[PDB]
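See structure below.
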Amino acid sequence: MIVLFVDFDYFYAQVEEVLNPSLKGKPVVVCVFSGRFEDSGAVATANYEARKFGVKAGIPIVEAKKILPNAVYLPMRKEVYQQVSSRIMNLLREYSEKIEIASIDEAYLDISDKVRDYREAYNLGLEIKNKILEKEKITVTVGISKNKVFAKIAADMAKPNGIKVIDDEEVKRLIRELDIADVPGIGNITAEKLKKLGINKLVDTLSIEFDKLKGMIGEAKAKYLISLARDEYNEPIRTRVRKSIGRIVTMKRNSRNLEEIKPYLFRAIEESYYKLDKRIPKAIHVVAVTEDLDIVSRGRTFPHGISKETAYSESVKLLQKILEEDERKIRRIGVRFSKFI
DNA sequence: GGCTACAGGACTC
DNA sequence: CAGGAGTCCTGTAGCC
Ligand SMILES: Nc1nc(=O)n([C@@H]2CS[C@H](COP(=O)(O)OP(=O)(O)NP(=O)(O)O)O2)cc1F
Ligand SMILES: [Ca+2]
Ligand SMILES: [Ca+2]
Ligand SMILES: [Ca+2]
């Protein structure tokens, strides 16, 4: 088939840039301020300007400020990027109803029944970048190919404001050369493991004994990687349905005392419940990030919908359980709701 | 043996 | 110096 992957550029940063065009040209850094102290927090995203100097998502805001003391540091406004993202998705629908929105930032379009070959494809790619440019003034990178993985990779390879095609020929080219750590779903941990057995390329999974690979990375990944090696990988582009909604907050200071954690936990529930909108969850999970940045959680599934009232009460137990089954101090607390009726 | 819930792990954006 | 949100998978144990 033919998948055309769409990825917005420095989305959070660019959105901010669209609303305040004077930001144009400067290093913009959208961050998540934790409130613990002047500049505590991490980076959500940074435009290419901030990026070329090492400012990337996931690092502490304090770090970013050393490298770029005079960079614009804006606080995250996710609801604005969401209203903006939504508008762009609706446009993409105008190009195919077999559309998979993977995130607030990416969309997969199965254009198997629109373009005959990769040529009208590349063309439809251009037609879309322009449409989004004339509509919302947002640059996006377009990745085209036979399956979702390579379309995404195509895009990774062309950003930003790009558009690349990866024909069947290059798919074999890449299966043999592309760095396996560069394959969607392969993080450092798995990558190490992989390139711990030569595996530095997809095809290498074709040579090794299945159980050897399956014993190291699991049945799902060994198959995922193998299916890609054989150029036999297919995953339908499907309407994605949210499976869970939650909220988590950082406490002004670590602690293990229950009365000092409830306010946070309870507010997490207020917002969570807000977002559920009209969804009724049957499972609730209390998620706690320990002082050493570990993650412990306790959940519960009910045979019925959970009222905010019940969510409140049950969360206290799960938290209790957590505390009582681990002796570390919490740093963040939150709740996640799932299994919607 | 395999299906369920639950808790941990890994990854991603 | 370590934010926020969400998905998929695996190991363990209860159960048929
Ligand atoms: N650690 C992260 N925290 C975040 O909040 N984000 C958010 C969630 S979606 C939005 C995507 O931003 P951007 O498009 O800049 O990230 P990419 O990885 O797509 N880089 P791009 O090539 O500029 O898109 O960034 C991403 C992250 F990677
Ligand atoms: Ca992305
Ligand atoms: Ca993006
Ligand atoms: Ca990687």
Side-chain angles (χ1 to χ4, degrees), chain A residues 5 7-13 29-46 56-67 75-79 81-82 85 100-107 149 152 155-156 159 181-194 214-224 235 238 240-251 254 268 271-272 275 282-303 318 321-322 325-326 331-340:
Chain A
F5 176 64
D7 195 288
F8 313 159
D9 305 306
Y10 314 116
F11 196 52
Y12 286 9
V29 174
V30 188
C31 337
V32 185
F33 293 104
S34 71
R36 286 198 150 201
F37 67 82
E38 184 192 5
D39 303 318
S40 55
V43 179
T45 115
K56 53 183 179 179
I59 76 179
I61 299 176
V62 132
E63 281 317 296
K65 289 197 159 176
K66 300 184 171 162
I67 308 169
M76 244 220 296
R77 304 199 285 170
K78 198 164 181 185
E79 290 163 74
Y81 322 138
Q82 190 51 87
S85 178
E100 180 184 322
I101 300 171
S103 87
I104 187 172
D105 178 66
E106 308 168 322
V149 180
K152 138 91 72 178
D156 283 339
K159 57 184 46 159
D182 279 40
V183 170
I186 306 305
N188 290 189
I189 292 202
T190 300
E192 279 305 281
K193 304 218 206 193
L194 290 190
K214 169 160 129 54
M216 200 77 32
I217 63 170
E219 174 173 42
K221 225 109 178 182
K223 296 188 171 176
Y224 166 70
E235 287 308 288
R238 60 138 191 171
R240 261 195 178 183
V241 191
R242 192 96 104 295
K243 295 190 176 182
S244 75
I245 296 171
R247 178 92 171 76
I248 175 170
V249 308
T250 301
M251 305 191 291
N254 294 5
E271 326 219 349
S272 302
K275 312 202 271 178
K282 304 214 244 94
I284 176 164
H285 269 85
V286 167
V287 181
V289 170
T290 59
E291 30 172 334
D292 53 54
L293 326 199
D294 209 22
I295 302 185
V296 197
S297 88
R298 293 308 187 275
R300 170 85 171 318
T301 293
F302 295 71
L318 299 164
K321 187 165 317 170
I322 281 174
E325 271 164 30
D326 192 305
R331 169 190 186 91
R332 288 160 67 192
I333 195 65
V335 309
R336 172 151 301 283
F337 288 101
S338 64
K339 304 185 191 170
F340 308 130

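Values below: all heavy atoms of this structure, side chains included; hydrogens, waters and symmetry mates excluded. So you know, we letter chains A, B, ... as the sequences are listed, proteins then strands, and number each from 1.
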With a 4.0 Å limit, can you tell me whether [X] has a side-chain N or O closer than that to the phosphate oxygens OP1/OP2 of [N]?
{"X": "A:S103", "N": "C:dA5", "result": "no"}
{"X": "A:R336", "N": "C:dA5", "result": "no"}
{"X": "A:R298", "N": "B:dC6", "result": "no"}
{"X": "A:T45", "N": "B:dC13", "result": "no"}
{"X": "A:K339", "N": "B:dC6", "result": "yes"}
{"X": "A:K193", "N": "B:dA10", "result": "no"}
{"X": "A:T190", "N": "B:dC11", "result": "yes"}
{"X": "A:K152", "N": "B:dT12", "result": "no"}
{"X": "A:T301", "N": "B:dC6", "result": "yes"}

Please work out if [X] contacts a base, only the sugar-phosphate, or nothing of the nucleic acid, heavy-atom cut-off 4.0 Å.
{"X": "A:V296", "answer": "sugar-phosphate"}
{"X": "A:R77", "answer": "nothing"}
{"X": "A:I248", "answer": "sugar-phosphate"}
{"X": "A:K275", "answer": "sugar-phosphate"}

Per [X] side chain, nearest of listed nucleotides [options]:
{"X": "A:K221", "options": "B:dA5, C:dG3, B:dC11", "answer": "B:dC11"}
{"X": "A:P60", "options": "C:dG3, C:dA2, C:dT7", "answer": "C:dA2"}
{"X": "A:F37", "options": "C:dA2, C:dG6, C:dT10", "answer": "C:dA2"}
{"X": "A:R332", "options": "C:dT10, C:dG4, C:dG6", "answer": "C:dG4"}

Would you say the side-chain atoms of [X] pair up with the backbone N or O of [Y], donor to acceptor, closer than 3.5 Å?
{"X": "A:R247", "Y": "A:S272", "value": "no"}
{"X": "A:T190", "Y": "A:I186", "value": "no"}
{"X": "A:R336", "Y": "A:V286", "value": "no"}

Notebook entry, point to check: Side chains of A:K339 and A:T301: donor-acceptor distance under 3.5 Å anywhere?
Noted result: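 The answer is yes; a qualifying pair exists.
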Notebook entry, point to check: If you measure only the distance, is there a donor-acceptor pair under 3.5 Å linking the side chains of A:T290 and A:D292?
Noted result: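 Distance-only check passes for A:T290 and A:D292.
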Checklist line | Whether over 12 other heavy atoms sit under 6.0 Å from A:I67 CD1 | finding: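 Yes - once you tally the heavy atoms of other residues, nucleotides and ligands closer than 6.0 Å, there are more than 12.
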Margin query: Ring of A:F302, cation from A:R300 - is the NZ or CZ under 6.0 Å from the centre and inside 45° of the axis?
Written below: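 Yes - A:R300 lies over the ring of A:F302, closer than 6.0 Å to its centre and within 45° of its axis.
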Next item on the list: Starting at OG of A:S34, measure out to CD1 of A:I61 and round the result to the nearest 0.5 Å.
Entry: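 So the gap between those two atoms works out to 7.5 Å.
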Note to self: Whole angstroms only, please: what is the NE2-P distance between A:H285 and B:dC6?
What the structure shows: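 Nearest whole value for this atom pair: 7 Å.
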Next item on the list: Pull out every stem in DNA chain C, meaning runs of 3 or more consecutive Watson-Crick or G-U wobble pairs with both distances under 3.5 Å.
Entry: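 Expected stems, ordered by start: B:1-13 with C:4-16.
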